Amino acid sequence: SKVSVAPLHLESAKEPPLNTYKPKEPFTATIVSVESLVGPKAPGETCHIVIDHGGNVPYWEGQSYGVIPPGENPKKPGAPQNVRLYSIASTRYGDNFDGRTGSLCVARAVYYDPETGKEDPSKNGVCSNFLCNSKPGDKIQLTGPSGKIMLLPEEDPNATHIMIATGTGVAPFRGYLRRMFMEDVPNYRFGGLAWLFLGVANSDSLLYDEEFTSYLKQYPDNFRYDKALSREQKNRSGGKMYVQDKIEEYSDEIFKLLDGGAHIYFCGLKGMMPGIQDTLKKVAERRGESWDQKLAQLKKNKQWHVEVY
């Protein structure tokens, strides 16, 4: 059974909120919870951060929140820190199904000297550590929401959505999939195919795995889920197993879906994209197709959605 959500008036707007709060006057939100998403063998920490915005900073799935960490801009004395953007990992109703909270999926950026391995905290990422170090009741300066690239196309409730994530790039897809499958949204009844491909370092680095596995058992004809574990698996050519290698295992199914009008999404660190492009080119070549021409048509048809960072 789908989970009741409120308030239904969040469905009424016909345009997404944008820049409701700006950097000079952010919204002072409050941390609800911070929890690690990863096991002890993960190379670094990734946390789920729940933020109470009280309904003052609503958003649509696929958008980002800005966070202004405290302190001074190290490059402009007297000025605030620059905004850092984070893909919202929750639906518009949020993890408490009430329209009052939104969630972030935040990897700690930690610096290690390339030769000695010595950590240097002064070179760690300011906003990501600020967020992962936060505790219930702490205040967060929120801006936005912002972004339109990753809004979910809902005009066809039976569309196909192929979602390609590495690491924290899973965030918008957690939101899409909760709206598609878990929440009782009477004006969006999804009857298409949602297919999540996720690449992470190892099993302990998986994010939200139990939630996604649950969708396989509840919606076996509408959801597919495939994972690539780069430090624990090898591809067919002998390289470390990346998300593009999982795509290749389903070369024919995914190309057929794209030809049929499927939307395809990419999110996570930008270093994910070169290997993906290389694989898609090789898959097309084996089929006797030009990947350049196919990608041009996907962009012209508004099927191609990329937000990497």
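Sequential numbering from 1, following the sequence displayed.
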### Query
138 to 146 versus 224 to 232: which one carries the higher mean Cα B factor per the record?
224 to 232
### Query
Hey, which bit's got the bigger mean C-alpha B factor in the entry, 195 to 203 or 73 to 81?
73 to 81
### Summary
Note to self: of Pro114, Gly167, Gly175, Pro153, the C-alpha temperature factor tops out at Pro114
### Query
Hey, out of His48, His53, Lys282, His263, whose CA B-factor is highest in the deposited coordinates?
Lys282
### Query
Among the modelled residues of its chain, does the C-alpha B-factor of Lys302 lie in the lowest, middle or highest third?
middle
### Task
Ordered by C-alpha B-factor within the chain, which third holds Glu211? Give me lowest, middle or highest, please.
middle
### Summary
Here the Cα B-factor of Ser103, set against its chain, lands in the third termed lowest
### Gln277 by Cα B-factor - lowest, middle or highest third of the modelled chain
highest
## Note on the structure
On the chain's distribution of Cα B-factors, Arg179 falls within the third called lowest
